[PDB]
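S.K.: sharing an experimental structure here, sequence included.
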Amino acid sequence: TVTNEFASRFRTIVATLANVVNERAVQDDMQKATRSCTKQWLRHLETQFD
Amino acid sequence: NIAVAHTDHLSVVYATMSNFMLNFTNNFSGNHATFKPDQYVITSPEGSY
Amino acid sequence: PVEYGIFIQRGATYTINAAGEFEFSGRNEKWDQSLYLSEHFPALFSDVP
């Protein structure tokens, strides 16, 4: 009625693909700037998908 | 010379502040060595938080 | 400079291990504001002697 498993499958990809980005130990700071502001693209895109 | 007013006047306007409405968080600052604020994310079964 | 390299030796930051003392990271990192609301502390305030 209101499930749509295809949209939920993509939600699982976004969930496990987020940890790869939220683990990559970087240095020099400029990637720490983009390392946080990438989730505002990583999560926004998954909402557009649903 | 600032010591007089910064202790018995600018301190009264602070004690009143912690009693106002719309103020609901703990910005505790004593001991910088070990303090972190609280995360309060609104989570959902599906989607993102 | 003679004993700065002894301070920044143990670490620029640190985390707290589950139930216990601090854990200094052997890395020399520059501080950023993105780390504040997440994990770690500026170790120049960690007050272990």
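M.R.: Okay, I see it. Numbers count the residues shown, from 1 in each chain, chains lettered A, B, ... in the order given.
S.K.: contacting residues for the residue sitting nearest the centre point of chain A?
M.R.: For chain A, the residue nearest the mean C-alpha position is residue A:42 (3.5 Å; CA atoms, centre = their mean). Residue A:42 sits next to A:14, A:17, A:18, A:21 when contact means CB atoms under 8 Å, 6 or more residues apart in numbering or on different chains. For the C-beta atoms, the positions are set from N, CA and C on the backbone; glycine is no exception.
S.K.: could you measure from it over to residue B:25?
M.R.: Distance, residue A:42 to residue B:25, by CB to CB, to the nearest Å: 28 Å.
S.K.: and for residue C:14?
M.R.: According to CB to CB, residue C:14 stands 25 Å off from residue B:25.
S.K.: of those two, who's got more company?
M.R.: Counting neighbours by other CB atoms under 10 Å in any protein chain shown for residue C:14 and for residue B:25 shows that residue C:14 has the greater number, 19 against 8.
S.K.: neighbouring contacts of the strand or helix carrying the more buried one?
M.R.: Using DSSP states H and E, the element containing residue C:14 is strand C:13-16. Contacting residues not belonging to strand C:13-16 are listed as B:34, C:22-25, C:27, C:29, C:31, C:35, C:39-43, C:46 [CB under 8 Å, 6+ apart].
S.K.: what residues of it count as buried?
M.R.: Residues C:13, C:14 are the ones in strand C:13-16 that count as buried (16 or more other CB atoms under 10 Å in any protein chain shown).
S.K.: ok, the contacts of residue A:42 vs chain B, which is closest?
M.R.: The shortest gap between chain B and any of the contacts of residue A:42 belongs to residue A:14, at 7.8 Å (CB to the nearest CB).
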